[PDB]
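Structure first, commentary second.
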Amino acid sequence: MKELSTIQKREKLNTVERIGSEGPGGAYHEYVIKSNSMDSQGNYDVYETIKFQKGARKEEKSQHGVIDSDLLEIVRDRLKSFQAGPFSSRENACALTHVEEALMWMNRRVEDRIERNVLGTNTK
Amino acid sequence: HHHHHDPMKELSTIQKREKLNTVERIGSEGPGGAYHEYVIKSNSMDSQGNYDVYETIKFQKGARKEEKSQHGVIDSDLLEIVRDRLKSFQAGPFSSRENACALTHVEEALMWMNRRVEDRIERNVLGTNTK
Ligand SMILES: Nc1ncnc2c1ncn2[C@@H]1O[C@@H]2COP(=O)(O)OP(=O)(O)OC[C@H]3O[C@@H](O[C@H]2[C@H]1O)[C@H](O)[C@@H]3O
Ligand SMILES: Nc1ncnc2c1ncn2[C@@H]1O[C@@H]2COP(=O)(O)OP(=O)(O)OC[C@H]3O[C@@H](O[C@H]2[C@H]1O)[C@H](O)[C@@H]3O
């Protein structure tokens, strides 16, 4: 089925769903973030769709969208702000270090593909 | 729908070369000292000057047990999406060690985020303006 099995199991604010089918690289390129709560009339309090860059950027027929490092950079910024604020935590600091190292590995991939001159194409 | 182009508002990213998108924080600091609206916008624009990509991410603003709260996305949602995409890419033809390391770190970040949630349930402070 469609809903993601999440690491968080208790008191989840939102459900996340993959929409559509597998595409380039074997990945999905549309996701829905959905409130677990509803308003008085049965509507979701939150219903957001995230659409990924589908097909590499230099190939024809490719569809523009967000990329995964965008999401990680937003979360990185949020954790940095929370850590500079009144409600910091050790858990935040550990999560932030892992988020930044993930981003560093994603950039490692980007720079390797620039070097092998395959960035933006469907090549190993 | 939005025409092209503070750099104080744009996020300084880990990636420096061949960025697809610019990420910008919208608005002011809010609860916890954090921003709760971000825009992801393509570095390319069409023939008429409009962004090819212009998407807004709005976060749950104000803790869930407090008044005034505005419903929205939470950070672990974004990370679970990235986790799923990395898992898919790793099961596909274009796997990599870089993907594997990024995936392990993303999942451990999510594990610390859930660790925080469970610690806050234990202290009975989840959803409140409490350290
Ligand atoms: N961690 C990964 N992130 C992205 N893509 C990955 C990863 N691991 C493997 N891939 C695959 O290599 C191709 C070229 O990617 P790329 O050259 O890095 O980048 P891009 O130009 O930014 O396009 C990005 C889009 O490309 C399409 O193909 C991708 C995937 O099939 C996809 O639909 C992307 O959403
Ligand atoms: N890693 C963090 N994630 C979220 N929030 C964090 C973190 N680190 C510190 N905070 C701060 O503690 C408060 C209580 O958060 P919580 O009990 O986890 O909140 P919640 O019910 O899930 O609501 C969530 C919203 O709450 C508001 O305040 C938050 C923040 O000021 C914010 O606008 C949130 O976007």
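Both ligands and their constituent atoms are indexed starting at 1 by order of listing. As a basis for the values below, the full set of heavy atoms in this structure was taken, side chains included, without hydrogen atoms, waters or symmetry mates. In what follows, chains are A, B, ... by sequence order, proteins preceding strands, each numbered from 1.
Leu86(B) has its side chain within reach of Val106(B): a pair of non-hydrogen atoms, C-beta onward, lies under 4.5 Å apart. Using a 4.5 Å heavy-atom cutoff, the side chains of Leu110(B) and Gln8(A) are not in contact. Inter-residue side-chain proximity for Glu55(B) and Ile57(B) is flagged as unmet; no heavy-atom pair is nearer than 4.5 Å. Residues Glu18(B) and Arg57(A) form a side-chain contact, since some pair of their non-hydrogen atoms from C-beta on lies under 4.5 Å apart.
Checking only distances, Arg78(A) does come within under 3.5 Å of ligand 2, N or O to N or O. Inclusion of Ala63(B) in the set of residues having an N or O under 3.5 Å from an N or O of ligand 2 is warranted.
Residue-level proximity to ligand 1 for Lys58(A) is absent, since no heavy atom of it falls below 4.0 angstrom. Residue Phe52(A) does not touch ligand 1, judged by heavy-atom distances below 4.0 Å. Contacts of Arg120(B) with ligand 2, taken as heavy-atom pairs under 4.0 Å, involve the side chain alone. Residue contacts with ligand 1, taken as heavy atom pairs separated by less than 4.0 Å, do not involve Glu98(B) at all.
Summarising the contacts of atom 7 (C) of ligand 1 with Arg109(A), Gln53(A), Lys54(A), the nearest heavy atom is found in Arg109(A).
Side-chain atoms of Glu66(B) come within 3.5 Å of backbone N or O of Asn129(B) as a donor-acceptor pair. Proximity of a side-chain donor or acceptor of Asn36(A) to a complementary backbone N or O of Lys12(A) within less than 3.5 Å is detected.
Near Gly127(B), with a cut-off below 4.0 Å to any heavy atom, the atoms of ligand 2 are 16 (P), 17 (O), 21 (O). Here is the list of ligand 2 atoms found below 4.0 Å of a heavy atom in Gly32(B): 31 (O). Taking a cut-off of under 4.0 Å to the non-hydrogen atoms of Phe94(B), the atoms of ligand 1 that pass are 8 (N), 9 (C), 11 (C), 31 (O). In the vicinity of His36(B), heavy-atom distances shorter than 4.0 Å reach the ligand 2 atoms 32 (C), 33 (O), 35 (O). For ligand 2, the atoms lying closer than 4.0 Å to a non-hydrogen atom of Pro31(B) are 31 (O), 33 (O). Applying the 4.0 Å criterion to heavy atoms of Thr128(B) picks out, from ligand 2, the atoms 14 (C), 17 (O). For ligand 2, the atoms sitting less than 4.0 Å from at least one non-hydrogen atom of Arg64(B) are 20 (P), 21 (O), 22 (O), 23 (O), numbered in the order shown with element in parentheses. Per-residue contacts place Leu13(A) under 4.0 angstrom from the following atoms of ligand 2 (heavy atoms of the residue considered): 22 (O).
Using bins of under 30°, 30° to 60° and over 60° for the plane-to-plane angle, the ring pair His2(B)/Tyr54(B) lands in the parallel bin.
Annotation: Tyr44(A), atom OH; neighbour count of heavy atoms from other residues, nucleotides and ligands within 6.0 Å does not exceed 12. The local environment of NZ in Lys61(B) is sparse, with at most 12 non-hydrogen atoms from other residues, nucleotides or ligands closer than 6.0 Å. The number of heavy-atom neighbours closer than 6.0 Å to NZ of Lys68(B), taken from other residues, nucleotides and ligands shown, is 12 or below. Within 6.0 Å of atom CZ in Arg97(B), 12 or fewer heavy atoms from other residues, nucleotides or ligands are found, so the atom counts as exposed in its surroundings.
Of all protein heavy atoms, the one closest to atom 28 (O) of ligand 1 is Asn122(A) ND2, 3.6 Å. Ranking protein heavy atoms by distance to atom 8 (N) of ligand 1, first place goes to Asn99(B) ND2, 2.8 Å. Shortest contact from atom 30 (C) of ligand 1 to any protein heavy atom: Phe89(B) CE2, 3.4 Å.
At a 4.0 Å cut-off, at least one heavy atom of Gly55(A) sits close enough to ligand 1 to count as contact. Note on ligand 1: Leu86(B) sits in its first shell, one or more heavy atoms being nearer than 4.0 Å.
Distance screen at 4.0 Å: atom 32 (C) of ligand 2 has a protein heavy-atom neighbour inside the cut-off.
Between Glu107(B) and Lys87(B) there is a salt bridge, since a side-chain N of the basic residue sits under 4.0 Å from a carboxylate O of the acidic one. Between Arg123(B) and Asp119(B) there is a salt bridge, since a side-chain N of the basic residue sits under 4.0 Å from a carboxylate O of the acidic one.
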